[PDB]
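Alright, two takes on the same chain below, each alone as structure tokens: structure 1 and structure 2.
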Structure 1
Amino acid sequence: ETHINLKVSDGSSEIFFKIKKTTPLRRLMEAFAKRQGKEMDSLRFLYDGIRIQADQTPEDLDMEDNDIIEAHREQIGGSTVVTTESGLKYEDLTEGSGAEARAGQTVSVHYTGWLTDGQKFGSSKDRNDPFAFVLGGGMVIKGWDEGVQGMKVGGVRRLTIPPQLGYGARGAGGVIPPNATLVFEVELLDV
């Protein structure tokens, strides 16, 4: 056999590939990162608990048909996920500089949002149009009004938003179903 099938899983997104055994894994890794809107740089791919480098081939790693590659985010700065009283979770992927965003300020952000199955349902980067709103003003979902408070400019924060802080029993956009937990990465551009 010259080719094998591989599954890459990050716990949410799973993507299936068929790769020639002598092909470097770079293209597969890039494909998985692109599907999440992310750069390959912000991800780590493991096979049999060992990190894969882009130049390595399935042959190099003795991979077999239907083997699994696990995908993770690694932030060099570390990972601390905080649960709030409301059940919101936040994780500062990057901490910003300067003053913290406060309720009542108009902020400008970039964001991407996904379902817990990894499906991207929206991004400001799609129209390359930052999104502005009045923080704590009730014009965005509750999880955002709560979760963007405390961010600093240049910060990127990952919000995990339970449905009562999102779209609840209604869902939205022909994409988000009832009772869906939402994941956003939000970049604070200005406050």
Structure 2
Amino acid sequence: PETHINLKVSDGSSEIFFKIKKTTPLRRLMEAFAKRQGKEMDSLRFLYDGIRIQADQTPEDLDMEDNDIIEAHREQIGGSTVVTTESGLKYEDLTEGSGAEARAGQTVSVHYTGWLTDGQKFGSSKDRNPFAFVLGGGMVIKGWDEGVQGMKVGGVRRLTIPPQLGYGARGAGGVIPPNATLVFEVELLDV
């Protein structure tokens, strides 16, 4: 308790915790986070109380206390924008794609992960090797048909789907509770 500190790291999708010694540089934490996510350190930016953290700073330096939150930002540099459409869907482009644009009628290929609003993962295509569907076909949940349109190949878009655009009061047997808001990260691979 005296020498070590537990810190919560949030990336807007899930939360995990890191216990390090108060005199250990935050580099150790940042690298553990990056590795766990399969991400390069150069593509991550970490903030605490709105101030940019540097890898050589320690929890002691920053007067951190147990359960304090560090924000991990993976999104493009420049400032994020969260869009709420006419339907109540929300989306956020974490990475802007450089390739072909996804349009209704195409059979598009994506990777995804889905979480509940508490950061519990409910599904993913990555956990073992890509998911293809007819975009705009009414075959997937409404949030997806609406949310994946306009993405570009290379893009990573975070969809926040209110339950009437998801599984509603029914939920999905075994997996999604009644009245659940769903968070997905979708990476567009082909169109």
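Each residue is numbered by where it sits in the sequence of structure 1, with counting from 1. Only residues modelled in both forms are compared. Think of the rigid core as the biggest set of C-alphas that the two forms share within 1.5 Å after superposition.
Rigid-body analysis of C-alpha superpositions between the two structures gives a rotation of the smaller part of 21 degrees. With the core fitted, the CA of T23 sits 6.2 Å away from its counterpart between the two structures. Taking the rigid core as reference, the CA displacement of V140 between the two structures comes to 0.5 Å. Relative to the superposed core, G174 has its Cα moved 1.2 Å between the two structures. Comparing the forms between the two structures on their core, residues 1 to 78 form the single run of at least three in a row where every Cα shifts 2 Å or more.
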